[PDB]
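Please read the structure below before turning to the comments.
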Amino acid sequence: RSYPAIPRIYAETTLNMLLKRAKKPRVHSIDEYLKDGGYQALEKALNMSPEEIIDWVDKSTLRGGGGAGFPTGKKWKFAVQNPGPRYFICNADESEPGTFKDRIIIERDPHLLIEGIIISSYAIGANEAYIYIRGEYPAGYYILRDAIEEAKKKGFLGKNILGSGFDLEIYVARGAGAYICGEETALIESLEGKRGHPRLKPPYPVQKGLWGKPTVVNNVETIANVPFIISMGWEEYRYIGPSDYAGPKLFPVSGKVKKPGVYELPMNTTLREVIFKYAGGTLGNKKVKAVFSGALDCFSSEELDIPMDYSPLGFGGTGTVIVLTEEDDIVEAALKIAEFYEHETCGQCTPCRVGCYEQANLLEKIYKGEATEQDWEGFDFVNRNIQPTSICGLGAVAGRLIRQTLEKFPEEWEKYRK
Amino acid sequence: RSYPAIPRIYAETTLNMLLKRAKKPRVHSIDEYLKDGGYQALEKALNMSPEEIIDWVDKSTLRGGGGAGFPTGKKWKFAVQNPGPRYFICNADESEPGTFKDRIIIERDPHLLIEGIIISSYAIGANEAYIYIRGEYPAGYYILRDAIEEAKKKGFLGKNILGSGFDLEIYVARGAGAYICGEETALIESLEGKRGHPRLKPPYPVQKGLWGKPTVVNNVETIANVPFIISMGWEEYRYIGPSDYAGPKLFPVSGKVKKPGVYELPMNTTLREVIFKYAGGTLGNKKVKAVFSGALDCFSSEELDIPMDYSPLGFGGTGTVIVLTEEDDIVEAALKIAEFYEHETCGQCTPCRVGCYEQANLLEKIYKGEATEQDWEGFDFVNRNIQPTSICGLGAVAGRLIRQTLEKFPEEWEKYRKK
Amino acid sequence: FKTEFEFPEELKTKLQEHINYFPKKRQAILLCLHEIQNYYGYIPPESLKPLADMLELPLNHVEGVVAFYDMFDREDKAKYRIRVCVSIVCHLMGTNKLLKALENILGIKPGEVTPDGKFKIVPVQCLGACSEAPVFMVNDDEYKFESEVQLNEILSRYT
Amino acid sequence: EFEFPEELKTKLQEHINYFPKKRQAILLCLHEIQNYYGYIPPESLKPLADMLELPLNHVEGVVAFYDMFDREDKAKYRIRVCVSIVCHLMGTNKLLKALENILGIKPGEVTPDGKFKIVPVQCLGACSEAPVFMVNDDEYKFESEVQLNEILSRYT
Ligand SMILES: NC(=O)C1=CN([C@@H]2O[C@H](COP(=O)(O)OP(=O)(O)OC[C@H]3O[C@@H](n4cnc5c(N)ncnc54)[C@H](O)[C@@H]3O)[C@@H](O)[C@H]2O)C=CC1
Ligand SMILES: NC(=O)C1=CN([C@@H]2O[C@H](COP(=O)(O)OP(=O)(O)OC[C@H]3O[C@@H](n4cnc5c(N)ncnc54)[C@H](O)[C@@H]3O)[C@@H](O)[C@H]2O)C=CC1
Ligand SMILES: Cc1cc2c(cc1C)N(C[C@H](O)[C@H](O)[C@H](O)COP(=O)(O)O)c1[nH]c(=O)[nH]c(=O)c1N2
Ligand SMILES: Cc1cc2c(cc1C)N(C[C@H](O)[C@H](O)[C@H](O)COP(=O)(O)O)c1[nH]c(=O)[nH]c(=O)c1N2
Ligand code: SF4
Ligand code: SF4
Ligand code: FES
Ligand code: FES
Ligand SMILES: [Cl-]
Ligand SMILES: [Cl-]
Ligand code: NA
Ligand code: NA
Ligand code: NA
Ligand code: NA
Ligand code: NA
Ligand code: NA
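Order-wise, the sequence lines are chains A, B, C and D. Residues in the first sequence are numbered consecutively from 2, following full-length UniProt numbering. Residues in the second sequence are numbered consecutively from 2, following full-length UniProt numbering. Residues in the third sequence are numbered consecutively from 2, following full-length UniProt numbering. Residues in the fourth sequence are numbered consecutively from 5, following full-length UniProt numbering.
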């Protein structure tokens, strides 16, 4: 019955889909979910062929909400070209700074996620599925465990689900403090009971994943779309937002805004609109100085008119929007990003291992005003050289945001070199 | 964002409880309220049984601040002995002359009220609560609507509040000009979409109220105490002021004082102290002639050393203090009181209907020097004869203040009998 | 040319919102009437029949409610209602000075409307702001009267 | 000579039986152990390894890798304080200061009584509610010292 205490993150939707229930800050149990027509998409799905479901998800143009925006249908297609058995994994590791969109689905509308996992699993022929939830989401973990039992009792999980002949078990695994275990191959390693060490890709999981078998990894948000696609059909879904970047997307907005929280919006929304139209503008009506796209990118106040889509010029990513205003020290903020990568490199690759450490170590000296000229030159050098030989995206991006602050706010860095 | 213009009523406290935030004349939103430890009392309440909360409120000695001073915990106990469902009503009709204490809580610290409502509703098992706010408080209405939304967003209202299993929605209704809709049964009638006609009591609302179901009606100020009782505990609360009349009380002071406003004070404070120690004394340092306790009582300058408590010899009421000084015409002031009751009788009862009107009608003639002997004797008679057959407190009291002025200021009235 | 009265859609929507707010439709009667008065500057008598239908109440019920509650006005259209408190505290502290100043500025006394339909003076009982006596409202805005020059400046904000 | 008490051994066995393969339950098992003892006893690792049918080596490596597990300090209540960008921007330092005022400890330290340990952590995925902290499994936004004090008083 009782769960650990959760802060009641604000949530708003113009689309009333992913946040239809999760916009209210409490657990929605199966009866309330069923009352809203929940699990009818599953029933429909089980009356369809796996191939047909893949087809609909493909034609929906659904993309991954885990940050890379990879077409979900195409991913599934790849998996089913490979002999079974196959595995389905729901990625609930959500640990990138500023990003708290997935947890509100987990904690408030677990059946939406579960229903999505069951459909997705059926589509790719997986009889065994996993949720990997970070260990710092203990309430989400217990909520999911209880929801799964509820689903079992109403006959949505187990053997021969609703007479369909399809069997499914969903196991819930917990992380234990490593951001890198959100990387799909390191997640799989952790599920296999090992340290979270990414594997060289290719192969991609859909070719070789859990126990070496075809495995689809999708983010919570991605999977939560699937019931809607089956329910509405792909045509109506494609009618949501702009025709190319169609469908709902979640935007966790934090920092110097009046209304921090998660916003369910179409992807033609601009960054400026997220901040000023939806999130209520800035604290104290101060000027926006920068937006940090999690720990990935830094947008200046001259880049607010971009769409929140997966276009070349679009915001992309997980739609994470951290707002800094005119008073916030960019170098101090960059330090916090450096600290994050320092604390999360898994250490496999030498430039990443030493690079993330030295970036933080040197940047701290710069910040405290204890950096020699050599420390300055060294900082510049190491920021440009975390990436070489790296086998996953962390190494590839650990210097990216900080580099952007150096390019976009030179005058503020210059003052530190004094 | 933007609310209607409100006068900045002065507020002062020696206790720093009800007016801790409302002493500053602005809206305190949920973030400021949370910073001051707001909603922690709710969290504490939800881990107690309803019965325990009632017991605490009972033991606190909390009395209604709506005017009658009825023990709040006892009222709650009466409700919960009756089968559910039950309803909880916050009375924000505040329309008694001189009375403006409730509005500063509403308009400045809405979350204090809301928190009190949620705790009280939980205590009596009410899943639906109402605020009935008078129509002439539009700012309060908008402020409350927004505050309720803030509370919903933070998960203090809705279904399964903080995993407790307790459900609550608070609806905000607006009055539309009738003083009698502050009478608890006419208020309920109004909430049911009808005219504000009081019902015969008993039954009291706690037995039969909204839709005939057990209903607790409590005043704004009453409810605003509830978070403190839970937060501090009943024992520590009962340590405030005299042990027989414990806790903060709000005193709206107006008229011929230097510092008119709302004062939060313990109930052992005397009326003299309210005027002279707190409200800065009189305008022009003139002598006090009289204090009107709203439109209820008239105290003379010989009665200033009474306690502001609910004792037989105490000031009682809503603690409303209207000061008149030596040059203020008592008969003119009496006329205004008569005019008030004339304009507010709901007319259901015959002596109230015709008496409120005739009292005002004849007194106007007296004031204007146009009263016959018959009008004089008529006025005296009607003033003593508003109450018969009355089914609510308005008829019971419409002659009371005026009668007190006749007894306490005979020389002034006689000046008019000659005129 | 003359057709049955119909609520403009923007008003109808607002009314429907109030009716949907409480558990029972008929609880919304006063909020609906406030809404109608806000929109028209008074309660049109012809508005009551469709309002009654929306509340699923008899017309005479609605008419009796309108008659009972002093804030509602079926008689005079006015853009701005200047509600002047005529109760004990405001009387003591200078209601008569406020009324005089109002007459000087607007040329109207209590109960009257300016010829342009702009302002109506409405005498009301205690407004619950007695410490700031003498008190008046202009629609929802509420003020202490200080002086004619100060009043004139306040009224200039309503156009 | 170290052996788990039976009620814990039961729970560990439930985790090990939950996934298709025993070794998948390693992290659930270690959380359980840390919950039970208030840290990971070095001596606990050998028998755990036996129940997982894994080398001790493997188990030690996993404990070392995952930051949530603590082998050094017993603490009844772990106050995990977010030190990442958003919480820092919105007042992590005010929270830590308030914590020092109430508990008399800084990040990394345990109260003398072994009751509270302050653990600096990366983003807890609650950034809208910055600054964030957890007390064991419970998570909160920090509002003020008075507010923090009342929350902490709930843990005895
Ligand atoms: N949601 C969150 O909390 C977090 C999000 N991220 C995001 O992670 C991103 C980097 O992620 P990656 O997985 O390395 O991206 P990626 O581009 O390599 O792959 C994205 C997905 O598409 C699949 N894929 C790509 N090409 C494929 C192919 N040819 N055949 C089969 N499958 C293919 C991958 O297996 C993976 O599932 C960053 O953009 C960052 O924003 C990072 C941290 C946390
Ligand atoms: N705050 C303001 O603006 C105004 C305040 N008032 C005050 O109203 C007062 C009169 O109010 P009433 O409600 O008629 O007083 P009352 O003495 O009849 O009742 C007070 C409360 O106690 C309850 N109660 C009384 N006896 C009970 C019993 N046997 N069982 C259960 N509950 C019982 C009533 O239901 C009510 O809620 C006056 O003293 C006056 O000051 C009047 C007008 C406006
Ligand atoms: C360092 C690091 C960390 C993470 C990731 C990547 C990298 C490089 N990815 C992305 C992940 O590898 C993968 O692309 C997605 O889980 C695939 O799902 P979708 O296609 O987005 O539905 C990722 N994805 C996700 O769903 N949640 C997470 O917490 C993370 N964390
Ligand atoms: C004519 C008339 C008018 C009013 C009242 C009475 C009468 C006779 N009462 C008192 C009301 O009926 C009831 O006693 C209280 O609302 C109960 O709350 P408390 O016990 O004081 O918290 C009253 N109470 C209140 O809280 N606000 C008000 O505006 C009024 N108005
Ligand atoms: S790039 Fe960094 S985080 Fe990724 S596998 Fe290599 S060392 Fe580990
Ligand atoms: S006493 Fe007067 S106000 Fe009360 S119900 Fe009777 S007529 Fe109405
Ligand atoms: S007497 Fe005028 S506001 Fe009270
Ligand atoms: S930065 Fe602290 S919770 Fe995200
Ligand atoms: Cl009819
Ligand atoms: Cl071994
Ligand atoms: Na949540
Ligand atoms: Na993790
Ligand atoms: Na006020
Ligand atoms: Na009223
Ligand atoms: Na009662
Ligand atoms: Na006493």
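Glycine residues also receive a C-beta, built at the ideal position from the N, C-alpha and C atoms.
{"Query": "Neighbour list for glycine 159/B in chain A, Cβ cutoff strictly below 9 Å", "Result": "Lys25, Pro26 and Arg27"}
{"Query": "Residue of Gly141/B, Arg354/B, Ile387/B and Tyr311/B minimising C-alpha distance to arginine 404/B", "Result": "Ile387/B"}
{"Query": "Euclidean distance between Cα positions of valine 139/D and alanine 179/A", "Result": "19 Å"}
{"Query": "Sufficient close CB pairs (3 or more, under 8 Å) joining the segment 276 to 284 of chain A to the segment 377 to 387 of chain A", "Result": "no"}
{"Query": "Same chain, Cβ closer than 8 Å to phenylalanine 157/B, neighbours up to 5 away in sequence not counted", "Result": "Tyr40, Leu43, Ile115, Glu116, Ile119 and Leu163"}
{"Query": "Proximity test, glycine 178/B beta-carbon vs ligand 14 heavy atom, cut-off 7 Å", "Result": "yes"}
{"Query": "Own chain partners of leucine 314/B with C-beta closer than 8 Å, once the 5 adjacent residues on each side are dropped", "Result": "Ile307 and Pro308"}
{"Query": "Beta-carbon spacing of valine 125/C, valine 87/C below 8 Å", "Result": "yes"}
{"Query": "Heavy atom of ligand 2 within 7 Å of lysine 76/B beta-carbon", "Result": "yes"}
{"Query": "Cutoff 6 Å; reference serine 255/A; Cβ partners in own chain excluding five residues on either side", "Result": "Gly99, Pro261 and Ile323"}
{"Query": "Proximal residues of chain D, C-beta to C-beta of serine 255/A below 7 Å", "Result": "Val90, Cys131, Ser132 and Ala134"}
{"Query": "Residue closest to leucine 336/A, alpha-carbon to alpha-carbon, out of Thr351/A, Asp310/A, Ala296/A and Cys347/A", "Result": "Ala296/A"}
{"Query": "Cutoff 8 Å: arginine 27/C Cβ touching any chain B Cβ", "Result": "yes"}
{"Query": "Integer-rounded CB distance, given that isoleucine 89/D should sit under 8 Å from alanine 399/A", "Result": "Rounded, the Cβ-Cβ distance is 14 Å, inconsistent with contact."}
{"Query": "Proximal residues of chain D, C-beta to C-beta of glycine 38/B below 9 Å", "Result": "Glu147, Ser148, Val150, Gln151, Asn153 and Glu154"}
{"Query": "Same chain only: Cβ atoms within 6 Å of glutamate 13/A, ignoring 5 sequence neighbours per side", "Result": "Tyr264"}
{"Query": "Neighbour list for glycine 262/A in chain D, Cβ cutoff strictly below 8 Å", "Result": "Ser132"}
{"Query": "Paired residues, beta bridge with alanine 127/B - DSSP", "Result": "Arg87/B"}
{"Query": "Neighbouring residues (CB closer than 5 Å to any heavy atom of ligand 10)", "Result": "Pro59/D and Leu60/D"}
{"Query": "From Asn161/B, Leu145/B and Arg2/B, residue whose alpha carbon lies closest to that of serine 3/A", "Result": "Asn161/B"}
{"Query": "Candidates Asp142/C, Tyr159/C and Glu154/C: closest to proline 5/B by CA position", "Result": "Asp142/C"}
{"Query": "Cβ neighbours of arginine 27/B in the same chain (closer than 8 Å, five flanking residues each side left out)", "Result": "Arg109"}
{"Query": "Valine 207/A beta carbon less than 8 Å from that of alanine 80/A", "Result": "yes"}
{"Query": "Reference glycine 356/B; option with closest CA among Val332/B, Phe316/B and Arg401/B", "Result": "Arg401/B"}
{"Query": "Environment of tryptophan 77/A [buried if 16+ CB atoms lie within 10 Å]", "Result": "buried"}
{"Query": "Residues that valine 66/D contacts on chain A, provided the C-beta gap is smaller than 8 Å", "Result": "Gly194, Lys195 and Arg196"}
{"Query": "Three-way DSSP call (helix, strand, coil) for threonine 73/A in this model", "Result": "helix"}
{"Query": "Any non-hydrogen atom of ligand 7 closer than 7 Å to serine 302/A Cβ", "Result": "no"}
{"Query": "Counterpart residues of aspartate 142/C in DSSP-defined beta bridges", "Result": "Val139/C"}
{"Query": "Amino acids of chain D, ordered along the chain, whose beta-carbon sits closer than 9 Å to that of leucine 35/B", "Result": "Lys145, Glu147, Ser148 and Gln151"}
{"Query": "Pair within 8 Å by beta-carbon distance, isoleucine 107/A and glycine 66/A", "Result": "no"}
{"Query": "heavy atom of ligand 4 below 7 Å from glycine 66/B C-beta", "Result": "yes"}
{"Query": "For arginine 64/A: DSSP bridge partner residues", "Result": "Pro72/A"}
{"Query": "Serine 88/D: CB within 7 Å of a non-hydrogen atom of ligand 12", "Result": "no"}
{"Query": "First through last residue of the beta strand (DSSP E) which encompasses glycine 210/A", "Result": "First-last for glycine 210/A: undefined, no H or E at that position."}
{"Query": "Closer than 8 Å to chain B by CB, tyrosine 41/C", "Result": "no"}
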